[PDB]
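# Architecture at a glance
Okay, here's what each chain looks like letter by letter:
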Amino acid sequence: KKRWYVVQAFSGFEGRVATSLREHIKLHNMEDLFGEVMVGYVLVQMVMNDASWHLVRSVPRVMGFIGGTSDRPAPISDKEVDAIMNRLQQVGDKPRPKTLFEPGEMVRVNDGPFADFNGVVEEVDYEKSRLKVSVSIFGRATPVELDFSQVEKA
Amino acid sequence: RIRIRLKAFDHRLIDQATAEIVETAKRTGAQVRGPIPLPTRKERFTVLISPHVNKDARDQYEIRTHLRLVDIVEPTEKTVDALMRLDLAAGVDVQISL
Amino acid sequence: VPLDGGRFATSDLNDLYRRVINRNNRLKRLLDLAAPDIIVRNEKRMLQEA
DNA sequence: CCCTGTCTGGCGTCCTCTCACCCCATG
DNA sequence: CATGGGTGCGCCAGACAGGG
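As stated in the entry header, the method of structure determination is cryo-EM and the reported resolution is 4.2 Å.

As recorded in the PDB entry, chain B goes by 30S ribosomal protein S10 and comes from Escherichia coli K-12. In its Sequence similarities section, the UniProt entry covering chain B states "Belongs to the universal ribosomal protein uS10 family."

For chain A, the PDB entry supplies the name Transcription termination/antitermination protein NusG and the organism Escherichia coli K-12. As its UniProt record puts it under Sequence similarities, chain A is described as follows: "Belongs to the NusG family."

Next comes the structure, spelled out in structure tokens:
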């Protein structure tokens, strides 16, 4: 059974640290003692012998493990590892705004000169895909038409 | 296609309002079809003035109404930008239908 | 202030404050993301030393 | 607890006059 | 382009262990 550990590298050379780590594994052929390498911190599926510990710290541009102590360093305490599987890829995924297209519902504007302003949708047009919301500009409400993505639901 | 409707009562105060919004749009966007007006709107009401008698004293008052439409031609990201939270006419209802 | 050439000769306190703010932004983002214990211990320790 | 050895900190003159040189490095 | 991590001083003195 191989448990996870956290490695610190010089932040910026991290892919080169990962490649050099895979290559040191396939040099010193402790192939049964390493599972993966995930990407300033590098995640390593590993077991703990002092030989493999010296191996990972003899990989260049690696400072050391991060744990409770340096004698017996600590398996990454990611209790939500199942949630980290769903977090993988979702971290690098953006969303989209959806204006509250309903009479009297407040919305938010984040596009055009009306960006950074809130207002209410007095009228909605699903067929024309347009929301009728006015913005409190200099006091007077400024009824303007904004798309669902142009404004966010408040 | 972009409409700037302006809604008030008198033509003697909206007349400086149609001057401030075509020229400040000219310095930034310079894209406007010109002010196209609307028929003047009248709300006349005859009301009794004697306190308890005499259905003859009916004095005519009116809350007058006027509407003027600017209609910039192109959705400019400079006309709206500079004239967003900006309107010289005070006590007025601006309707920037974008 | 810059020197004769034009490159800005920056003071040392700007390096110190810029380090503390870089680390503090990283620590706020990790407490947003719910990183595990050893990551935020190293992050808060680097902020303490900064 | 009463003395003994160690471990770190705090400090060391004042004015001037030139010069030279101030972060790589790189996918 | 922008960010990211030596081995030659000597005395005083008090705090921290270390026996004693």
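Looking only at helices and strands, one finds 3 helices and 6 strands in chain B. Taken from N to C terminus, the helices and strands of chain B fall in the order β-α-α-β-β-β-β-α-β. The C-alpha atoms of chain B give 19 Å as radius of gyration, which overshoots the globular expectation for 98 residues (13 Å, by more than 25%). Viewed in the frame of its principal axes, chain B has a C-alpha envelope of about 60 × 20 × 20 Å. Here chain B, with 98 residues, has 28% of them falling under the buried criterion. Long-range pairs, those at least 24 residues apart, make up 70% of the contacts in chain B with a sequence separation of at least 6. For chain B, the exposed area adds up to about 6,900 Å²; of that, 56% sits on carbon and sulfur atoms.

Before going further, it helps to spend a moment on the side chain of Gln95 of chain B. Of note, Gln95 of chain B is situated in strand 6 (residues 93-97). Leave out the neighbours within four places in its chain, and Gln95 of chain B touches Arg3, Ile4, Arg5, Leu6 and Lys7 of chain B.

Take the UniProt feature "domain: KOW" in chain A next. UniProt records the feature "domain: KOW" for residues 103-134 of chain A in the present numbering. Annotated as residues 103-134 of chain A, this span is 0% helix and 59% strand, and its ends, taken at the C-alpha atoms, are 12 Å apart.

With that out of the way, let us pick up the pairing of strand 1 (residues 3-8) of chain B. All names here are of chain B. In terms of strand pairing, strand 1 meets strand 6 through 5 bridges, oriented antiparallel. Counterpart to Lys7 in the pairing with strand 6 is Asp93. Where strand 1 and strand 5 (residues 66-69) come together, 4 bridges link them in antiparallel fashion. Considered in strand 5, the bridge of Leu6 is made with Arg68.

Right, let's get into the sheet that holds strand 4 (residues 62-65) of chain A. Residue and element names in this part refer to chain A. Strand order across the open sheet formed by 4 strands is 2-3-1-4, with antiparallel pairing between neighbours. Of all strands in the sheet, those with a lone pairing partner are strand 2 (34-38) and strand 4, marking the two edges. Taken pair by pair, the neighbouring strands of this sheet meet at an average axis angle of 30 degrees, ignoring direction. Summarising the sheet, strand 1 (residues 3-9) and strand 4 pair through 3 bridges and their orientation is antiparallel. Opposite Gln8, over in strand 4, you have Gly64 as the bridge partner.

This next bit is on unusual backbone geometry. Positive phi, close to 35 degrees, is recorded for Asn29 of chain A, a residue that is not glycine. Note that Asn29 of chain A resides in the loop between helix 1 (14-27) and strand 2. One non-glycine residue, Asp71 of chain B, adopts positive backbone phi at about 55 degrees. Structurally, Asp71 of chain B can be placed in the loop between strand 5 and helix 3 (79-82).

Time to look at the interface of chain A and chain B. Of the residues lining the interface, 11 residues belong to chain A; the matching set on chain B comes to 11 residues. Among the residues making up the side of chain A that touches chain B, the classes are represented as 7 nonpolar, 2 polar and 2 charged.

Residue and element names in this part refer to chain B. Here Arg44 ties to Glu62 by a salt bridge, and the two come within 3.4 Å at their closest N and O atoms. Of this pair, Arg44 sits in strand 3 (residues 44-48) while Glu62 sits in strand 4 (residues 58-62); the two residues are 18 residues apart in sequence, bridging distant segments of the chain. Taking the shortest distance from any N to any O, the salt bridge between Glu62 and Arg64 comes out at 2.7 Å. Linked through salt bridges whose partners overlap, the residues forming this network are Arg44, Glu62 and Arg64.

Time to look at helix 2 (residues 17-28) of chain B. Taking 1.5 Å of rise per residue, the 12 residues of helix 2 of chain B would be expected to cover 16 Å, and the 17 Å separating its terminal C-alpha atoms lies within 8% of that figure. Downstream of helix 2 of chain B by one or two residues, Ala30 of chain B has phi in the positive range, about 55 degrees.

Attention now moves to the sheet that holds strand 1 of chain B. Taken in spatial order, the 4 strands line up as 2-5-1-6 (chain B) in an open sheet, and their pairing is antiparallel. The two strands at the open ends of the sheet, each matched to only one other strand, are strand 2 (36-37) and strand 6 of chain B.

What counts and how
- Residues numbered from 1 in each chain as written, not as in the entry; some residues may be left out.
- Chains lettered and ligands numbered in written order.
- Part of a larger assembly, values for the part shown.
- Heavy atoms only, no water.
- Residues with missing side-chain atoms left out of burial classes, pairs and counts.
- UniProt positions renumbered as here; feature names shortened; annotations may be inferred.
- Helix = DSSP H or I, 4+ residues; strand = E, 2+ residues; numbered from the N terminus.
- Rg over C-alpha atoms; globule rule 2.2 N^0.38 Å.
- Buried < 20%, exposed > 50% of the residue type's maximum accessible area, 1.4 Å probe, protein only.
- Contact = heavy atoms within 4.5 Å.
- Areas by Shrake-Rupley, 256 points an atom, 1.4 Å probe, with all protein chains shown as cover.
- Pairing = 2+ DSSP bridges.
- Axes fitted to C-alpha atoms, helices over the stretch in contact; angles between N-to-C directions.
- Nonpolar A, V, L, I, M, F, W, Y, C, P; charged D, E, K, R; others polar.
- Salt bridge = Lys/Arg side-chain N within 4 Å of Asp/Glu carboxyl O.
- Expected span 1.5 Å × (residues − 1).

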